[PDB]
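Below sits a lone chain in structure tokens, taken as the form deposited in one PDB entry.
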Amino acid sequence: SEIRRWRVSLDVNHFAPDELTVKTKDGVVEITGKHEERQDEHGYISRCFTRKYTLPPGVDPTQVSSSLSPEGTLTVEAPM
């Protein structure tokens, strides 16, 4: 859930790969995770977030890549 090449960590454990999207516009990467209402152990839950990061100057927008860990941590990275 921090920022550390350029890379960002992020916890999205409650979201599935098809509920996440990553997009780059205007030197800004935008991360959105959305799931419609689904039953859980306690009742029904729907979640949504949008997270934006400004890309560092050197970074090429076309080279930015993303990968979701299977235990629910999303990383986004690029090199300069």
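All residue numbers refer to positions in the sequence shown, first residue = 1.
### Entry-level comparison of average CA B-factors, 43-51 and 24-32, reporting the higher stretch
Comparing 43-51 with 24-32, the higher average CA B-factor belongs to 24-32.
### Task
Could you look up the Cα B-factor of residue 74 in the entry and say which third of the chain it sits in: lowest, middle or highest?
According to the entry, residue 74 has a C-alpha B-factor in the chain's lowest third.
### Task
Just say lowest, middle or highest third for the CA B-factor of residue 64 relative to the other modelled residues in its chain.
Highest third of the chain for residue 64's C-alpha B-factor.
Only in words, not in the display: the form solved in complex with a partner chain, which the text now covers.
### Query
With the cut-off set at 4.5 Å between non-hydrogen atoms, does residue 58 touch the partner chain in the deposited complex?
Close contact is absent here: in the deposited complex, residue 58 is far from the partner chain, nothing within 4.5 Å, heavy atoms only.
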